[PDB]
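**Q** 3D, please:
(chains A, B, C, D, E and F, ligands or ions: 3)
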Amino acid sequence: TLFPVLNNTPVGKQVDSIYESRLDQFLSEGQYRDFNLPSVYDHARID
Amino acid sequence: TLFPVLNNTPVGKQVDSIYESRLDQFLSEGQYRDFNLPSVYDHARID
Amino acid sequence: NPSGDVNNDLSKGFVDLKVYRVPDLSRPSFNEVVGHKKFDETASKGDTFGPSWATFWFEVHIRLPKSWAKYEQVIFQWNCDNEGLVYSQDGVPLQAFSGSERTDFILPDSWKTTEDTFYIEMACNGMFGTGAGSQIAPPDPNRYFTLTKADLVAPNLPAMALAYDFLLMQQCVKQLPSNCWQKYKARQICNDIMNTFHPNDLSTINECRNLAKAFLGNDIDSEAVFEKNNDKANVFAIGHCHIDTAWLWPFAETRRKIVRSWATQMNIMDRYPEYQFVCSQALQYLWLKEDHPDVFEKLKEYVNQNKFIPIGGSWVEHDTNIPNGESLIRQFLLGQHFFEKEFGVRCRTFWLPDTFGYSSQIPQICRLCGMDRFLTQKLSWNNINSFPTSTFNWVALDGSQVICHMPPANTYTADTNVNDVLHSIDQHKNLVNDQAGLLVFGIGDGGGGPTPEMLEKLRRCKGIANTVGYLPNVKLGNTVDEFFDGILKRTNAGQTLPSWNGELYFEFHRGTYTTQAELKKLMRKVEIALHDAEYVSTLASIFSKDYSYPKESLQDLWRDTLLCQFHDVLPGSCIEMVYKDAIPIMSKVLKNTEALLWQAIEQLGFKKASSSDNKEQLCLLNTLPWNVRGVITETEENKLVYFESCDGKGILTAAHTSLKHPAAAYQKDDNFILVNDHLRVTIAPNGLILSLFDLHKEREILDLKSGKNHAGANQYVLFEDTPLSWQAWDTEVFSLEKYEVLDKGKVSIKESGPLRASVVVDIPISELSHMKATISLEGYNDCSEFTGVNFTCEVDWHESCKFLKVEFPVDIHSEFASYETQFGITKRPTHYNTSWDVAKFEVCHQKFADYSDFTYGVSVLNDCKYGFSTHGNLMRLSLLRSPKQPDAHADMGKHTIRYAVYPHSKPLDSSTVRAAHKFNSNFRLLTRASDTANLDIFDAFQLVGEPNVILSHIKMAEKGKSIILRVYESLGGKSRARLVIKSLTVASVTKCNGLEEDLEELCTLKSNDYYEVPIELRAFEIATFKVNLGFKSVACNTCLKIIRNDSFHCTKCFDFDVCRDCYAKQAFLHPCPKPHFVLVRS
Amino acid sequence: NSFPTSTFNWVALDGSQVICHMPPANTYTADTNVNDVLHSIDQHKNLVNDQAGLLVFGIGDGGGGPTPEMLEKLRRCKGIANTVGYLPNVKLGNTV
Amino acid sequence: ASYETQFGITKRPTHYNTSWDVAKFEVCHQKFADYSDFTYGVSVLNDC
Amino acid sequence: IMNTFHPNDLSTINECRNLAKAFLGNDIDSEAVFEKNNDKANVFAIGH
Ligand SMILES: [Zn+2]
Ligand SMILES: [Zn+2]
Ligand SMILES: [Zn+2]
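**A** Residues are numbered from 1 along each chain as shown, chains lettered A, B, ... in the order given. Ligands and ions are numbered 1, 2, ... in the order given. Please find the structure below.
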């Protein structure tokens, strides 16, 4: 079987509001822009 | 002061549903009739 | 019509009923009635039959009119508002009847042409007994039932198909959201069906069905609906019939309910090829096999066809709070052995949808007994906190985990309406982790399972999902184990599921810890007696050449014991007749266990004391796996004798010397003092313990200054119980707000002697209710034989809706209390902070409840009680309840309650555990039968090492002649010990599982005369060791070892891999009746 | 007063009738978000008569119409409806 | 687990059972955090 | 009122009524209740 006998790593049930509002920062161009998708939109813009 | 320093008697917050449905048996003429108000309605009914 | 209405014409058919009435309330079998009794009295529609629980047999002779040569289906309708069970002429059960919910019996196309007869075994009780006004009210013994239908029918099949179509569409109209377009599509189609149907034109039925096809699709008429979109199902439907082995009916009625449910389900399986049905309890299979062997043969064929899936793996669907740990292991051992013997199946899902609470070590016992899945729905009855998740990992105290699912539609008796199918996915509580719900449909809580109407509705729900696609994709042809396989596959073997660590607390039915006190006391006594009997039987079979281990007698005793642990009998929520059955068979188990133990003892060279031999040669049997250095026991009616043992632990000999630390009872300024070397107990003339002073640590233990209790410990309080709905099941949190303190007692000195000092309190509970409390202190030689202040209450209990408890304020400050539960400790809060803690106002414990701070603690030991409450320095033991609703005389009568207050100068440690075991022990007076065979072999199996490791059980293996030793860590730390096997030649010692299948081989040393296998246990581990005597990331699903070499993977399922050694052993049974194993390398 | 229907027959004084539809998502400048696609069918006012809604998307009230982003979102809404099937089945290649 | 706090010990859960325990994924302690079973334990001491 | 009432003690009835006075006032036993705030009634009751 793949189901381990021993569980020493508790997993919490996800809080709905926290994990739903986490979704907003993947495409946000705000404070965490450098760690999320908008940082790789461009391929070296020139102006 | 009357407020005691030490509290060794925890008091729980009352569950709304349980304590609201407890209210129904004070005037109920059912299983607990003998322990509640309907037991003392009469003063020796005669028939 | 009867045949008397048709004499001139041999063409218009009839129904003739001859009724035979069983004289007593007995339940004769088919062969004891048909062919022997006379069916003479004639019955007709409108007749009335029998008092409650009465049995009537009907010979039904039918003649179909020849105008019914057409009408490809002919129905016999039977509606007497009670139980059915059509019997064929050859005695074959064919079809059950249950009031109006199940009335039709399809004539089997073989005796429609021939004017044939059959039989109906009517039982004069409802699906849930009689009831007397309410379902759970005490049975009405004078109920009478009226026959309202005994008709032959030739149903219009297209009309009934249209009725099912319209019912599903109308439910979609009523249930779907008001902005859902499928709701209005359904309403539009239903309206056209009404505008189209004319009762005078039968083709309108067919065009109405064609109209409904726009909503249900074209495949609803067969099992082809489920073959579409069958790869992304969200709801998995499985048929189920929960038959309570005894809830509101005797065991004898359960025997008939089993057969009439399963024969019905088997004929339904014949008609519906996609339908699958799970039933759990192995004892019910055994009962069917005893009563109807041919039905059992047919059943095992169905099990082979993967219809009729046996599940659960336990003997009965038992309570998991009250029985001790060995009882839970025995449930699994007996159930799994029965299922492996009768079928080729080993259950992998623990099925327990109706048990009141789940103890913290159930996942470990499940993993030890081969089950890694858990199904349950009872936690939906939590009336304070909704359980956070529907699918999760449930982790035991030791860390062992099962994967648990709670069917989101909070029932195991669903109806397959669109609301049930919808709720099976949309009230799933942790849908972000998995989007699969189990739909458990049928009629249960004691009775007969799903109807063909429910399968039609399921087919139409699937068709709706296929066609207009708002209902969930529902799958019908999958087993419960395949459902769990899907969950494990989607969740990375369950790694992403939320965890729950410890006990699953049921915030309901707490009064079940205390109600039926006699049965619970008997259960504990019987468990301890069975342990002792198996221990001495193992010793006698090992050391006596002419004694065979009584496997058969022990198996019978365990079957009865495990039967009484059923999740409604043991918690104390049955009608009075159930206990009029259960208490005598429990007493018989106790008596026969004692007889077995005495046979083994006689084989070992001893005999019962017989009260004629002189005291100096009296011995005492210990059976605890450690030296109880001294025991004080009565020999005559009032003579106390001290038995000591210096080295050998099994046998204690009567002591000559006086005690080093005698106990004394004297008087003071109207106060009574029970004094020891260790404790000073100051008892008011009221009977309240004014002071409990530890003499070594010169500290008071009580703290009467803070808290609500200011007048003594051991305070008896009578609370007004009056629960909300279920009197025998429930106690409410508001029950503590209204009470009477029993403080009118009188104290007298019962004894003051050196062995045991003791006072007697005579407490008037009320009129009609009295109690006599004895408070005793024992002297000792060593502090390890002390059990604290002992209390024996003799209660004449005749109260109504009262709850007698005893309180001890204890000068301990801690945020948690330790409660001994099966194979370990559960920690419960003492503070009521959140609603989770508010819900735990009364909790279940096995034999002690400990309340300790860093420097001191107080344990309350008991020998018959299971309800405790520790909240803020107040320890309260629940003593007696007086419920009335299922049983009007539940606990009325005499009760002996023993409990001890054991103060100790540290946090909870092994001294409390040993004191609780000793407090619960039955030390038996023995006499050497001779002096040539009086050897003390009672130390053959010892456990030496950390005292928190308990050798809890010694047994002989079911299969061979090996000895099974159950060992467990009791206090929660990784510990080291050694098994010492002294007077024996040990071929080998292996670590095995709960089913006694070898897991690994252990290194056994060889000392001067013993063997000394060193063992290491994890924090709360339950280990099993098999001693064979004589001279001689994929893990295997039998031995839970990582498979490094080639493995064997079962293709029939998803997560069963066996190693090469276990494959050669043929140890690969699992929920696959016909397993196919492919070889896997590397 | 909310108008009773989304799809109806509008009859003149003389009795001449046209068939009128009012896009249930109450705009002609929708954005093709999942809310617009959902509302195009689920706030239809007489769904018992017909279960078809028109989604009129673009930027208007004087200006320039739909953007390619809206067409990408429409394709993904259709894909969601095809795959997990809660969003309505949306069609793009049909004329009014 | 036992966390030293001002003038004593606060016990926090280690299991994430309910949302109360889920909320305590990081906790405050003064100078040591202790994780002990019945027979053994490990303290993590710190100075900042 | 429930915690106070005992069917074996009839004075508990009177003290339960005294407890209820905190919610119903003191005039409910006669027609004097209607003589208070009787100028701004919102509901007018008539038997029928
Ligand atoms: Zn049940
Ligand atoms: Zn398999
Ligand atoms: Zn193996």
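
**Q** Could you confirm whether any residue of stretch C:931-950 contacts chain E?
**A** Yes - using CB under 8 Å from any CB of the partner chain, stretch C:931-950 reaches chain E at C:946, C:948. Every C-beta, even on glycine, is put in place using the N, C-alpha and C of the backbone.

**Q** What are the buried residues along that stretch?
**A** Applying a neighbour-count criterion of 16 or more other CB atoms under 10 Å in any protein chain shown, one finds C:934, C:936-950 buried in stretch C:931-950.

**Q** hmm, which two among these are most spread apart?
**A** C:934 and C:948 (33.5 Å; CB to CB).

**Q** residue of chain A with the smallest distance to chain D?
**A** residue A:27 (12.3 Å; CB to the nearest CB).

**Q** Secondary structure class of the residue in the stretch 1-150 of chain C positioned nearest to chain A, three-state.
**A** As assessed by CB to the nearest CB, chain A sits closest to residue C:136 within the stretch 1-150 of chain C, at 34.8 Å. On the three-state scheme (DSSP: H, G, I helix; E, B strand; the rest coil), residue C:136 is labelled coil.

**Q** What separation do you get for it and ligand 2?
**A** Taking CB to the ion, to the nearest Å as the measure, residue C:136 falls 42 Å from ligand 2.

**Q** follow-up on the earlier one: against chain F, which of the buried residues of stretch C:931-950 make the cut? List them.
**A** Near chain F, by the rule CB under 8 Å from any CB, you find none of the buried residues of stretch C:931-950.

**Q** Show me what from chain C comes close to chain F.
**A** C:737, C:738.

**Q** does the residue nearest to residue C:100 when sequence neighbours are not counted count as helix, strand or coil?
**A** Spatially, and ignoring its direct neighbours in sequence, residue C:100 is nearest to residue C:79 (5.8 Å; CB to CB, 6 or more residues apart in numbering or on different chains). Three-state call for residue C:79 (three-state DSSP): strand.

**Q** give the contact list for the residue in the stretch 901-1050 of chain C that ligand 1 sits nearest to.
**A** As assessed by CB to the ion, ligand 1 sits closest to residue C:994 within the stretch 901-1050 of chain C, at 24.5 Å. With contact taken as CB atoms under 8 Å, 6 or more residues apart in numbering or on different chains, residue C:994 is in contact with C:329, C:332, C:333, C:365, C:368, C:369, C:370, C:1022, C:1024.

**Q** same thing but 6 Å
**A** By CB atoms under 6 Å, 6 or more residues apart in numbering or on different chains, the residues touching residue C:994 are C:329, C:332, C:368, C:369.

**Q** Run through the residues that contact the third one.
**A** If you count contacts by CB under 6 Å, 6+ apart, residue C:368 has them with C:993, C:994.

**Q** For it, give its distance to chain B.
**A** Applying CB to the nearest CB, to the nearest Å, the value for residue C:368 to chain B is 37 Å.

**Q** now swap in the last one and tell me
**A** Taken as CB to the nearest CB, the spacing of residue C:369 relative to chain B amounts to 37 Å.

**Q** Please apply the same query to the first one.
**A** Spatial separation of residue C:329 from chain B under the definition CB to the nearest CB is 36 Å.

**Q** Without its sequence neighbours, what residue ends up closest to that residue?
**A** residue C:994 (5.1 Å).

**Q** helix/strand/coil for that neighbour?
**A** coil.

**Q** Quick check: which element contains whichever residue of chain A sits closest to chain E?
**A** Residue nearest to chain E within chain A (CB to the nearest CB): residue A:12, separated by 3.7 Å. Using DSSP states H and E, residue A:12 sits in no helix or strand.

**Q** burial count for it?
**A** Neighbouring residues of residue A:12 were enumerated by other CB atoms under 10 Å in any protein chain shown; the total is 18.

**Q** How about residue C:27?
**A** With other CB under 10 Å as criterion, residue C:27 counts 17.

**Q** Also residue A:9?
**A** Neighbour tally, residue A:9, other CB under 10 Å: 12.

**Q** Surely it is in a strand?
**A** No - using three-state DSSP, the secondary structure at residue A:9 is coil, not a strand.

**Q** what are the phi and psi values for the residue nearest to residue C:329?
**A** phi -60, psi -30 (degrees, to the nearest 10).

**Q** With residue C:395 as the reference, measure out to it.
**A** 18 Å (CB to CB, to the nearest Å).

**Q** repeat for residue C:692
**A** Taken as CB to CB, the span from residue C:692 to residue C:395 is 38 Å.

**Q** Comparing the two, which residue is more hemmed in?
**A** residue C:692 (27 against 24).

**Q** ok, that one - contacts?
**A** C:681, C:701, C:702.

**Q** Return the subset of those lying in strands.
**A** Residues of the contacts of residue C:692 located in strands (DSSP state E): residue C:681.

**Q** Closest to residue C:900 out of the contacts of residue C:692?
**A** Checking the contacts of residue C:692 one by one against residue C:900 (CB to CB), the nearest turns out to be residue C:681, at 12.0 Å.

**Q** Which residue, other than its chain neighbours, is closest to the closest one?
**A** Counting by CB to CB, 6+ apart, the residue nearest residue C:681 is residue C:674, at 4.1 Å.

**Q** Nice, that's everything, thank you.
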